[PDB]
């Protein structure tokens, strides 16, 4: 007999097909059957009339590396329907690095002494021994590798340093990492050359992993950064994933037309993917950057002056008699939210066929960007239903089947017999992001229940206590 059947709802199967009335039966960690299951014995037949049963949402871009260890409930994600997270993005991974004061932006993962894993395998073992509520597909970050190996980050790595970093990356992949990410936009890797990145990432071909990247620049020089990324992909001969695609700064508004055209052209000749979050503001370390600081900027946390959390940086700066750019050093380390994108570009990028959804949530932040709690329902409700940017099945595909295919997460991302029972039950009419910039931790509406490997992890608007997630391999 099946353990349970989600009966009477509409199945949106993750393959980008209009929903159809069908039941979903689960046995253990697997979807046993899909269709009219009235004739199948089941221990429970759960009524989900009026709801959609879809595959669990796979987050396209997280910084949950440490959150998985410290807050196993993973409430910000499971409350949104997320069942799997891709970690170790933008060159930032929790492991391998034993360091009491890692360089920003690695601090976005730190709760205080969190960087304690000398080997990547140590980190994966900790996850497997105390599993989180969601599955984890983990990448190793090139900036973490530089921090672990280089005595001086302000220059290109020597061959010896490249050898040490490549060895750590190869061990990580052998242990289960699904790829390597870079973020040369950030200080720890700003001096890394294209060749350094290529040499450290060589093992991806041998292990069948992916190359993910926070491009070197996402503004004035985004074409050069895209070309660098495509070149790295061709040299590595592995799939590339462009993280949180955007065009930032007023001088670049509207340029999504140009960037998406370059990406679409590259996709015709090499393997390229991209993801994005559904908002007009970014968030990361507080950084002295003319473009990030051009517009409205809010502080998310601040080490030297904790009282600044939540404040408007222009006010802080002006009261200190400085521009935002000049006041930044005295406030570091800190985090911020930057209103530097334009709605038409965000919509064009979200609607671009291949764009996967990634929240880019920064879970340890005191006053976080709402994308941490509202990304997926914002796409399903606001964008799909309310604005009609894409039909619901396409919005679901962009956070399920597409993502599972690009990251190579076998037997996940689709409601198919034999696949793992990572599932979401949501009300298409009411699903909505409730988190706002003012109240960024509000739980989404319309998420009825969420299942990971067949076990309910979210029910009655609460974590069930099921630590059902698994560390995944490509």
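Positions refer to the first chain, counted from 1.
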query: Can you tell me which stretch has the higher mean Cα B-factor, 396-404 or 159-167?
result: 159-167
field: Mean Cα B-factor comparison, 201-209 or 118-126, giving the higher one as deposited
entry: 201-209
query: When you compare the CA B-factors of 69, 32, 425, 445 as listed in the entry, which one comes out on top?
result: 32
field: Residue of maximum C-alpha B factor among 80, 359, 347, 323, per deposited coordinates
entry: 323
- prompt: Looking at the C-alpha B-factor of residue 21, is it in the lowest, middle or highest third of its chain?
  reply: highest
task: Report the third (lowest, middle or highest) to which the CA temperature factor of residue 62 belongs, ranking only the modelled residues of the same chain.
output: lowest
task: Can you work out whether the C-alpha temperature factor of residue 229 puts it in the lowest, middle or highest third of the chain?
output: middle
- request: Comparing against every modelled residue in the chain, figure out the third that the C-alpha B-factor of residue 249 lands in (lowest, middle or highest).
  value: middle
- request: Tell me, lowest, middle or highest third: where does the Cα B factor of residue 5 rank within its chain?
  value: middle
